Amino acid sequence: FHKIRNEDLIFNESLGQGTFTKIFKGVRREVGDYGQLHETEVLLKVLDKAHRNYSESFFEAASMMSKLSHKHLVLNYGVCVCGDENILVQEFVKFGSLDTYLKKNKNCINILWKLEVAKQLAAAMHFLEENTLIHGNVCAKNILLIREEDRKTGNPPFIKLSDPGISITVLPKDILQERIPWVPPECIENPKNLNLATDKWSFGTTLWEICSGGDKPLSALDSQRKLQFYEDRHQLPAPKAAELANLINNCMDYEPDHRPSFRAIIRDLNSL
C-alpha cells in the first residue's frame, strides 16, 4: 500500500458504519499528474480502535481489491497508519451504495436498468473467478453507483464493487448469522469453507436485493430463525418483479459445487 500522511487527509461527513469500522467522506491533498496540486474527494474507512486486533484482516481485505485492476472494482489510494489509527483511503464514488439508491429511486428503476447492473456485477465477478480471487462479501451495499442511467443519451448506469471488509473467516459467529442470507450455508457451518462458490451464492442474494427495491431478505427473522432457515433448506421468495428469480435461486444452490459459473450466469443474463 502507498502510505498517505495524516496531515494530507481531511475528515468530513460520516457515511455510516461497517463491521468494526466507521466511514467518512474526506479530502486528500496530493501532488497529481504534471505536478499539479489537487484536493481530491476520497472515501476514508477507519478501523475502530477497540477492534485494532483486526487490523491485519482489515488491510488484507483492501489488499484483495488492489491485487488486480479492473473497471468495475473500486480503487484503493493508500493507507494512513499514522499514530493510533488504521485508515484505508479509497476512491469516492459519487452516488454511493446501491441499496440506498434503490430504496430512494425504486419508483423509476425498470428491468433494463437492473439487467445492466446485474451484467456489470457478473462481469466483475467473472473477472475475479478467472483470477481465482475470492471477494467474500458481495452485497448491494458494497455496489457503488459511479454514473446514473441517462436515457437522453442512452447511457447505462455504471457500477463498481467495493472491498469486502474484514473477512467472514475471522468474524464472530453472531455477525455471520446476522449476515444470512448473504453468507452461504456452508460458511455458517464452517467459515473456513470460504471459496469461489461463496461469491456465487452471495451474488444470488445481491440480485434479490436489486430486484427488491433495497429490501433486505429475511430482515424480519432474528438470528436463530435465519439459522433455521438454512437448516430447513428454504429459498428466498421470488421478488414481485420476478424476472431474475430463477437466476437467483440457481445461484443460491445449497450444493456449492452446483452453483453456475459466472460465464454461465452472464450467458443467462444475456438471454433475457
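All residue numbers are counted from 1 along the displayed sequence. In this text, the rigid core denotes the largest set of C-alpha atoms whose superposition between the two forms falls within 1.5 Å.
Trainee: Between 186 to 194 and 75 to 83, which has its CA atoms farther from the current form in 4 other deposited structures of this protein, using a rigid core superposition?
Mentor: It is 75 to 83 that deviates more in 4 other deposited structures of this protein.
Trainee: Could you say which moves further from this form in 4 other deposited structures of this protein, stretch 234 to 242 or stretch 58 to 66, by root mean square CA distance after aligning on the core?
Mentor: Stretch with the larger root mean square C-alpha distance in 4 other deposited structures of this protein: 58 to 66.
Trainee: 181 to 189 versus 149 to 157: which one carries the higher mean Cα B factor per the record?
Mentor: Comparing 149 to 157 with 181 to 189, the higher average CA B-factor belongs to 149 to 157.
Trainee: Is the mean CA B factor in the deposited entry higher across 13 to 21 or across 246 to 254?
Mentor: According to the PDB entry, the answer is 13 to 21.
Trainee: With respect to the C-alpha temperature factors reported in the PDB entry, which of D232, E30, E41, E209 ranks highest?
Mentor: In this record, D232 carries the highest C-alpha B-factor of the candidates.
Trainee: Comparing recorded Cα B-factors across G26, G204, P237, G35, which one is largest?
Mentor: The record points to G35.
Trainee: Could you look up the Cα B-factor of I166 in the entry and say which third of the chain it sits in: lowest, middle or highest?
Mentor: For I166, the deposited C-alpha B-factor lands in the middle third.
Trainee: Using the B-factor values recorded in the entry, state whether the Cα atom of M64 falls in the lowest, middle or highest third among the modelled residues of its chain.
Mentor: Its C-alpha B-factor, which the entry lists for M64, ranks in the highest third among residues of this chain.
Trainee: By the recorded C-alpha temperature factor, relative to the other modelled residues in its chain, which third is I109 in?
Mentor: Top third by C-alpha B-factor.
Trainee: So where's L218 on the chain's Cα temperature factor ranking, which third?
Mentor: It falls in the bottom third of the chain.
Trainee: For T198, return the chain-relative third of its C-alpha B-factor as stated in the PDB record: lowest, middle or highest.
Mentor: According to the entry, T198 has a C-alpha B-factor in the chain's lowest third.
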